[PDB]
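Enquirer: Here it is, the structure, as structure tokens.
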2 protein chains.
Amino acid sequence: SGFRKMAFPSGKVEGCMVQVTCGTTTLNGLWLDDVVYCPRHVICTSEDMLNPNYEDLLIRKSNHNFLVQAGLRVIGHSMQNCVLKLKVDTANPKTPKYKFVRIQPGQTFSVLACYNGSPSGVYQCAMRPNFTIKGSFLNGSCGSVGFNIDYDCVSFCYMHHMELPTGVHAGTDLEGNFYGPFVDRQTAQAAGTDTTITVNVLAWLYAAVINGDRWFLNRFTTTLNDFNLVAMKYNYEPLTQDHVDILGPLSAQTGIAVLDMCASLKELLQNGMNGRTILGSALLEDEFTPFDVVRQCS
Amino acid sequence: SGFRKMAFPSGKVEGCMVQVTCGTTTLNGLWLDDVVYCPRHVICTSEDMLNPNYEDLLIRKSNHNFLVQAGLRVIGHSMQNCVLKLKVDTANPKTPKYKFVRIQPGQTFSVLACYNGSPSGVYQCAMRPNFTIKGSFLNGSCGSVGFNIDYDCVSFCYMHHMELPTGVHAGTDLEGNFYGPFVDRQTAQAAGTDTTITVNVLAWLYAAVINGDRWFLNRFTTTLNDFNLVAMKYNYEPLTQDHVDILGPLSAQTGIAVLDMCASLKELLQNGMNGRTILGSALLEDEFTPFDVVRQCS
């Protein structure tokens, strides 16, 4: 027993991390086969960032303007949305089986935080409903990636680009499309309103029951519609029958019906914990998906 | 910015994990050079565990009684305290630069949770003052290891053996010596009284200030002796001048004197948070060492 925020083993991704330098800027790149992927803002100076014409700035750059270090001669350079793709003369012999996926809000992934092409740590993040993540990133961490491992395949889903002034993080998929409304320009930007990921809080209450914390259970049940009236008041996402179906494996492992767990969540929202804790927390946790609970508890 | 519980990159350790089976029992082993290390209780049946004479049980075993799978012929077997060392016919070609260290209570490490010799996840643990850890381990996770990475060397410090009925975990160093009073016998055992790791809570308050949470700061200071009268009342470890010295780098990064931070901790202990949070927590966190904060924030 025990329930912890757990990252995927990072070995397969560690062998893909390289350092990319353009001008005075140094950040990380992801080396897969003979291509190094990194944030396109690596080509910008601070003055360029105020109003960058990335097409014109990329035209001015040549292959020799990119210094790529793995522990690599750049033979081509191109841009795909907000990512730069540097074709190199050597295929990464450590390239794992991989896919690029654009993940949905509410889903989790592991981040391999890197500096100067060297991995420093690994931790889990959820993609918030407002398309930000709450991670740990300093200057130089750009190009660090988020991923999931499914069977024997690394699914890359995130590349780091920036921190918003609210202290949350933003970036793109590996095709260079930002998650959320964000742009790679030095202009005022703000994330939209966030909400709590209801299906994840229910998954974490199931994790709590599996791991011996049951005090919040009650004899009551609710309808999906009545629960959603409370979710709205507390800025929790509406729960759908699809969310109920996704929680099915947890309902079977514990024998507790999803709508019965919804009545527990209703009481916690309205009354709080009265000084008690759930899995070592005094607040409700929403960064574990139902699959995260199933995989960890199985 | 941002502050997260971060594990070390696990690649170097992933290549060392193997599966060890003896009789009906399957657990994990650590393969370094031509030796596989695992918990000696792998040789016991459930009846043997009630009162095992490990010396006699090991004498009855032969090399062919151990099935070692990496993804290995056992040519020798011996016991060192509570670890079994299976000499194998093949040196691990993925053996990293490593050391075996016995860590001190209050220190942290990364755990690579494994099942059937396959890594499943990685997360940080602190060795509690009562020599237990609060992890996530199921049946089959025995032999999973804890480690730190220092420069380019893996320092192994923990091997998993058991869960106590309070839901906390216990194990040994890589020389087979248990942390704490625990024994590998099926007899009633209980951890001693735990306490909160004061120097770690102060490190996490410094992490909070570095990351923008400053509401708990006040104009007051305390003496080390006056602070320790409050620490005693709240079951916090006494703070020493050595702890004050260890916090020096954090005091320099923030410009906040250690005894000034001790006055903040005193107010939090006596009055609580009044519904506020620190780094996304409604409780005081003690599983980050001062070095964990320095390495993550630098």
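Labels for the structure tokens follow display order: chains A, B, ..., residues from 1 in each chain, ligands from 1.
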Please provide the set of residues having any atom within 7 Å of stretch 171-187 of chain B, restricted to only C-alpha atoms, with same-chain residues fewer than 4 positions apart removed, written as a list in words.

Expert: residues 41, 49, 50, 51, 52, 80, 81, 82, 83, 100, 102, 130, 131, 156, 157, 158, 159, 160, 161 and 162 of chain B

Enquirer: Step one, run DSSP on the backbone; step two, keep only residues of stretch 87-206 of chain B assigned to strand (DSSP E); then write them as an MDAnalysis selection string.

Expert: chainID B and resid 87:88 98:100 108:115 118:126 145:150 153:163 169:172

Enquirer: With C-alpha atoms retained, write the just-selected residues as a compact mmCIF listing (two decimals), in the first residue's frame.

Expert:
```txt
# COMPACT_ATOMS: atom_id res chain seq x y z
CA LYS B 87 27.03 -14.44 -8.07
CA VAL B 88 26.10 -14.79 -11.75
CA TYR B 98 28.14 3.28 -7.95
CA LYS B 99 28.66 3.26 -4.18
CA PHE B 100 26.66 1.71 -1.32
CA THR B 108 15.97 11.83 1.04
CA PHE B 109 16.38 9.45 -1.88
CA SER B 110 14.61 8.35 -5.03
CA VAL B 111 12.86 4.99 -5.12
CA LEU B 112 12.58 3.09 -8.41
CA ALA B 113 9.48 0.94 -7.73
CA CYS B 114 9.75 -2.37 -9.61
CA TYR B 115 7.75 -5.55 -10.22
CA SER B 118 10.64 -4.13 -14.53
CA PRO B 119 10.71 -0.52 -13.33
CA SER B 120 7.23 1.03 -12.94
CA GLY B 121 7.78 4.46 -11.41
CA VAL B 122 10.11 6.76 -9.56
CA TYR B 123 9.45 9.03 -6.61
CA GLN B 124 11.22 10.66 -3.65
CA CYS B 125 11.13 9.42 -0.01
CA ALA B 126 12.69 10.73 3.18
CA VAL B 145 16.00 0.24 -4.44
CA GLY B 146 16.47 3.77 -3.19
CA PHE B 147 19.32 5.92 -4.41
CA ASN B 148 20.84 9.37 -4.86
CA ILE B 149 22.95 10.56 -7.81
CA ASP B 150 26.00 12.67 -6.92
CA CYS B 153 27.88 8.24 -9.27
CA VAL B 154 24.79 6.31 -8.10
CA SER B 155 24.74 6.01 -4.32
CA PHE B 156 22.40 3.12 -3.44
CA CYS B 157 20.98 3.47 0.06
CA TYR B 158 17.82 1.39 0.39
CA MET B 159 16.45 -1.98 -0.63
CA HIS B 160 12.75 -2.70 0.06
CA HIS B 161 11.70 -5.60 2.27
CA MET B 162 8.35 -4.95 3.97
CA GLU B 163 5.33 -2.91 4.93
CA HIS B 169 7.68 0.80 4.66
CA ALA B 170 10.90 -0.72 5.88
CA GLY B 171 14.07 -2.11 4.41
CA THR B 172 17.81 -2.32 4.51
```

Enquirer: Please list as a PyMOL selection string every residue within 10 Å of residue B:233, counting only C-alpha atoms and excluding residues in the same chain fewer than 3 positions away.

Expert: chain B and resi 228-230+236+269-270

Enquirer: Keeping only C-alpha atoms, write the selected residues to a file as a tab-separated table (two decimals), in the first residue's frame.

Expert:
```tsv
chain	number	residue	atom	x	y	z
B	228	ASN	CA	13.35	24.39	20.71
B	229	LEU	CA	10.79	24.79	23.58
B	230	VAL	CA	8.05	25.11	20.88
B	236	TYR	CA	9.45	18.52	16.01
B	269	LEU	CA	2.92	25.76	14.72
B	270	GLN	CA	0.94	27.70	17.32
```

Enquirer: Can you pull out every residue within 9 Å of residue B:198, counting only C-alpha atoms, but drop anything in the same chain fewer than 6 positions away, and send it as a PyMOL selection string?

Expert: chain B and resi 231+236-239+243+286

Enquirer: Hey, could you make a per-residue contact list for chain A against chain B with 7 Å as the cut-off, showing the nearest pair of atoms and its distance in Å to one decimal, counting only C-alpha atoms, sorted by chain and number, as CSV?

Expert:
```
residue,atom,partner,partner_atom,distance
A:1,CA,B:137,CA,5.6
A:2,CA,B:136,CA,4.2
A:3,CA,B:136,CA,5.2
A:4,CA,B:136,CA,5.9
A:5,CA,B:123,CA,6.9
A:6,CA,B:123,CA,5.2
A:7,CA,B:122,CA,5.2
A:8,CA,B:121,CA,4.7
A:9,CA,B:121,CA,5.3
A:10,CA,B:10,CA,5.6
A:11,CA,B:11,CA,3.6
A:119,CA,B:9,CA,6.6
A:120,CA,B:9,CA,6.6
A:121,CA,B:8,CA,4.7
A:122,CA,B:7,CA,5.2
A:123,CA,B:6,CA,5.2
A:135,CA,B:2,CA,5.6
A:136,CA,B:2,CA,4.2
A:137,CA,B:1,CA,5.6
A:138,CA,B:1,CA,5.6
A:167,CA,B:1,CA,6.5
A:282,CA,B:282,CA,5.5
A:283,CA,B:282,CA,6.5
```

Enquirer: Now that the selection is made, can you save its residues with N, CA and C atoms as a PDB file, in the first residue's frame?

Expert:
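Heads up, here's the output in result-v8.pdb:
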```pdb
ATOM      1  N   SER A   1       0.817  -1.199   0.000  1.00  0.00           N
ATOM      2  CA  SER A   1       0.000   0.000   0.000  1.00  0.00           C
ATOM      3  C   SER A   1       0.861   1.263   0.000  1.00  0.00           C
ATOM      4  N   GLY A   2       0.197   2.398   0.002  1.00  0.00           N
ATOM      5  CA  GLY A   2       0.810   3.707  -0.104  1.00  0.00           C
ATOM      6  C   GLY A   2       0.433   4.309  -1.437  1.00  0.00           C
ATOM      7  N   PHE A   3       0.299   5.611  -1.474  1.00  0.00           N
ATOM      8  CA  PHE A   3      -0.056   6.291  -2.705  1.00  0.00           C
ATOM      9  C   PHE A   3       0.766   7.521  -2.843  1.00  0.00           C
ATOM     10  N   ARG A   4       1.561   7.544  -3.913  1.00  0.00           N
ATOM     11  CA  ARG A   4       2.487   8.622  -4.162  1.00  0.00           C
ATOM     12  C   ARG A   4       2.375   9.161  -5.562  1.00  0.00           C
ATOM     13  N   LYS A   5       2.712  10.422  -5.752  1.00  0.00           N
ATOM     14  CA  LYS A   5       2.824  10.978  -7.105  1.00  0.00           C
ATOM     15  C   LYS A   5       4.109  10.349  -7.713  1.00  0.00           C
ATOM     16  N   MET A   6       3.965   9.565  -8.770  1.00  0.00           N
ATOM     17  CA  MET A   6       5.014   8.741  -9.304  1.00  0.00           C
ATOM     18  C   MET A   6       5.287   9.089 -10.740  1.00  0.00           C
ATOM     19  N   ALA A   7       6.533   9.344 -11.099  1.00  0.00           N
ATOM     20  CA  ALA A   7       6.876   9.620 -12.485  1.00  0.00           C
ATOM     21  C   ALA A   7       7.207   8.321 -13.199  1.00  0.00           C
ATOM     22  N   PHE A   8       7.159   8.324 -14.514  1.00  0.00           N
ATOM     23  CA  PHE A   8       7.601   7.167 -15.292  1.00  0.00           C
ATOM     24  C   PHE A   8       9.111   7.077 -15.165  1.00  0.00           C
ATOM     25  N   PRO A   9       9.677   5.860 -15.268  1.00  0.00           N
ATOM     26  CA  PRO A   9      11.138   5.742 -15.349  1.00  0.00           C
ATOM     27  C   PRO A   9      11.625   6.572 -16.556  1.00  0.00           C
ATOM     28  N   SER A  10      12.682   7.333 -16.372  1.00  0.00           N
ATOM     29  CA  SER A  10      13.087   8.322 -17.364  1.00  0.00           C
ATOM     30  C   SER A  10      14.199   7.936 -18.309  1.00  0.00           C
ATOM     31  N   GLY A  11      14.771   6.762 -18.137  1.00  0.00           N
ATOM     32  CA  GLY A  11      15.911   6.331 -18.954  1.00  0.00           C
ATOM     33  C   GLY A  11      15.801   6.505 -20.455  1.00  0.00           C
ATOM     34  N   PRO A 119      19.735  15.905 -17.864  1.00  0.00           N
ATOM     35  CA  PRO A 119      18.560  15.700 -17.012  1.00  0.00           C
ATOM     36  C   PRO A 119      18.880  15.924 -15.541  1.00  0.00           C
ATOM     37  N   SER A 120      17.996  16.648 -14.832  1.00  0.00           N
ATOM     38  CA  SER A 120      18.170  16.930 -13.416  1.00  0.00           C
ATOM     39  C   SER A 120      17.163  16.245 -12.517  1.00  0.00           C
ATOM     40  N   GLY A 121      15.928  16.086 -12.975  1.00  0.00           N
ATOM     41  CA  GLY A 121      14.917  15.446 -12.143  1.00  0.00           C
ATOM     42  C   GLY A 121      13.680  15.094 -12.924  1.00  0.00           C
ATOM     43  N   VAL A 122      12.849  14.271 -12.335  1.00  0.00           N
ATOM     44  CA  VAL A 122      11.632  13.830 -13.011  1.00  0.00           C
ATOM     45  C   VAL A 122      10.463  13.898 -12.063  1.00  0.00           C
ATOM     46  N   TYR A 123       9.329  14.397 -12.542  1.00  0.00           N
ATOM     47  CA  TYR A 123       8.153  14.538 -11.696  1.00  0.00           C
ATOM     48  C   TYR A 123       6.901  14.557 -12.560  1.00  0.00           C
ATOM     49  N   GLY A 135       4.685  23.138 -12.646  1.00  0.00           N
ATOM     50  CA  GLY A 135       5.919  22.368 -12.545  1.00  0.00           C
ATOM     51  C   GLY A 135       7.007  23.074 -11.784  1.00  0.00           C
ATOM     52  N   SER A 136       8.244  22.779 -12.127  1.00  0.00           N
ATOM     53  CA  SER A 136       9.427  23.357 -11.513  1.00  0.00           C
ATOM     54  C   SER A 136      10.409  23.549 -12.630  1.00  0.00           C
ATOM     55  N   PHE A 137      10.514  24.787 -13.075  1.00  0.00           N
ATOM     56  CA  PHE A 137      11.321  25.113 -14.234  1.00  0.00           C
ATOM     57  C   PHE A 137      12.011  26.424 -14.022  1.00  0.00           C
ATOM     58  N   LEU A 138      13.310  26.465 -14.256  1.00  0.00           N
ATOM     59  CA  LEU A 138      14.098  27.682 -14.165  1.00  0.00           C
ATOM     60  C   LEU A 138      14.512  28.122 -15.544  1.00  0.00           C
ATOM     61  N   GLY A 167       3.183  32.208 -12.148  1.00  0.00           N
ATOM     62  CA  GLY A 167       4.032  31.144 -11.643  1.00  0.00           C
ATOM     63  C   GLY A 167       3.708  29.767 -12.157  1.00  0.00           C
ATOM     64  N   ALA A 282      -4.281  17.850   3.434  1.00  0.00           N
ATOM     65  CA  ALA A 282      -5.402  18.580   4.003  1.00  0.00           C
ATOM     66  C   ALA A 282      -6.245  19.281   2.935  1.00  0.00           C
ATOM     67  N   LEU A 283      -5.948  19.055   1.643  1.00  0.00           N
ATOM     68  CA  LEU A 283      -6.704  19.614   0.534  1.00  0.00           C
ATOM     69  C   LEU A 283      -7.018  18.476  -0.448  1.00  0.00           C
TER      70      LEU A 283
END
```

Enquirer: From a DSSP pass on the backbone, collect the residues of stretch 64-237 of chain B flagged as helix (DSSP H, G or I) and hand them back as a VMD selection string.

Expert: chain B and resid 64 to 65 198 to 210 224 to 233

Enquirer: May I have the residues from that selection written out with C-alpha atoms, as a PDB file, in the first residue's frame?

Expert:
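Ended up saving to part-v6.pdb:
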```pdb
ATOM      1  CA  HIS B  64      19.757 -24.019  -9.369  1.00  0.00           C
ATOM      2  CA  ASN B  65      17.044 -23.027  -6.853  1.00  0.00           C
ATOM      3  CA  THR B 198      12.524  20.510  11.644  1.00  0.00           C
ATOM      4  CA  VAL B 199      15.478  21.405   9.417  1.00  0.00           C
ATOM      5  CA  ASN B 200      13.499  20.094   6.421  1.00  0.00           C
ATOM      6  CA  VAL B 201      10.381  22.145   7.267  1.00  0.00           C
ATOM      7  CA  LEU B 202      12.667  25.234   7.455  1.00  0.00           C
ATOM      8  CA  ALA B 203      14.203  24.281   4.076  1.00  0.00           C
ATOM      9  CA  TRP B 204      10.682  24.046   2.585  1.00  0.00           C
ATOM     10  CA  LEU B 205       9.760  27.475   4.039  1.00  0.00           C
ATOM     11  CA  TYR B 206      12.871  28.831   2.261  1.00  0.00           C
ATOM     12  CA  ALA B 207      11.706  27.043  -0.930  1.00  0.00           C
ATOM     13  CA  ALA B 208       8.316  28.765  -0.443  1.00  0.00           C
ATOM     14  CA  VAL B 209       9.913  32.225  -0.141  1.00  0.00           C
ATOM     15  CA  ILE B 210      12.110  31.601  -3.215  1.00  0.00           C
ATOM     16  CA  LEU B 224      17.621  28.603  19.187  1.00  0.00           C
ATOM     17  CA  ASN B 225      16.740  27.627  22.787  1.00  0.00           C
ATOM     18  CA  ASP B 226      13.310  29.399  22.745  1.00  0.00           C
ATOM     19  CA  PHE B 227      12.469  27.854  19.385  1.00  0.00           C
ATOM     20  CA  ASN B 228      13.345  24.393  20.708  1.00  0.00           C
ATOM     21  CA  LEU B 229      10.793  24.789  23.580  1.00  0.00           C
ATOM     22  CA  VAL B 230       8.055  25.113  20.881  1.00  0.00           C
ATOM     23  CA  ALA B 231       9.536  22.312  18.730  1.00  0.00           C
ATOM     24  CA  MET B 232       9.244  19.943  21.723  1.00  0.00           C
ATOM     25  CA  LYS B 233       5.537  20.787  22.261  1.00  0.00           C
TER      26      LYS B 233
END
```

Enquirer: Compile the contact shell of residue B:67 as a PDB file with C-alpha atoms, in the first residue's frame: residues with an atom at most 10 Å away, counting only C-alpha atoms, same-chain residues fewer than 5 positions apart removed.

Expert:
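As written to disk, out_33.pdb reads:
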```pdb
ATOM      1  CA  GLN B  19      13.779 -10.605 -11.496  1.00  0.00           C
ATOM      2  CA  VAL B  20      14.686 -13.223  -8.855  1.00  0.00           C
ATOM      3  CA  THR B  21      12.505 -16.265  -8.222  1.00  0.00           C
ATOM      4  CA  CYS B  22      12.995 -18.870  -5.543  1.00  0.00           C
ATOM      5  CA  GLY B  23      10.201 -21.421  -5.143  1.00  0.00           C
ATOM      6  CA  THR B  26       9.235 -13.660  -7.133  1.00  0.00           C
ATOM      7  CA  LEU B  72      21.443 -15.293 -15.780  1.00  0.00           C
ATOM      8  CA  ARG B  73      23.033 -18.461 -14.446  1.00  0.00           C
ATOM      9  CA  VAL B  74      23.673 -18.331 -10.700  1.00  0.00           C
TER      10      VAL B  74
END
```

Enquirer: Just to confirm, what's the straight-line distance from atom CA of residue B:253 to atom CA of residue B:216 in Å (one decimal)?

Expert: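 Result for atom CA of residue B:253 versus atom CA of residue B:216: 17.8 Å, one decimal.
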
Enquirer: Ranking A:59, A:244, A:75, A:38 by minimum distance to residue A:16 and counting only C-alpha atoms, which one comes first?

Expert: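 Distance minimum relative to residue A:16 lands on A:38.
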
Enquirer: Please report the interatomic distance between atom CA of residue B:250 and atom CA of residue B:290 in Å with one decimal.

Expert: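 Straight-line distance from atom CA of residue B:250 to atom CA of residue B:290 works out to 7.4 Å.
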
Enquirer: Using only C-alpha atoms, which of the listed residues (A:54, A:220, A:151, A:66) sits closest to residue A:265?

Expert: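 Of A:54, A:220, A:151, A:66, the one nearest residue A:265 is A:220, counting only C-alpha atoms.
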
Enquirer: Rounded to one decimal in Å, what is the spacing between atom CA of residue B:17 and atom CA of residue B:71?

Expert: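 Rounded to one decimal, the two atoms are 8.8 Å apart.
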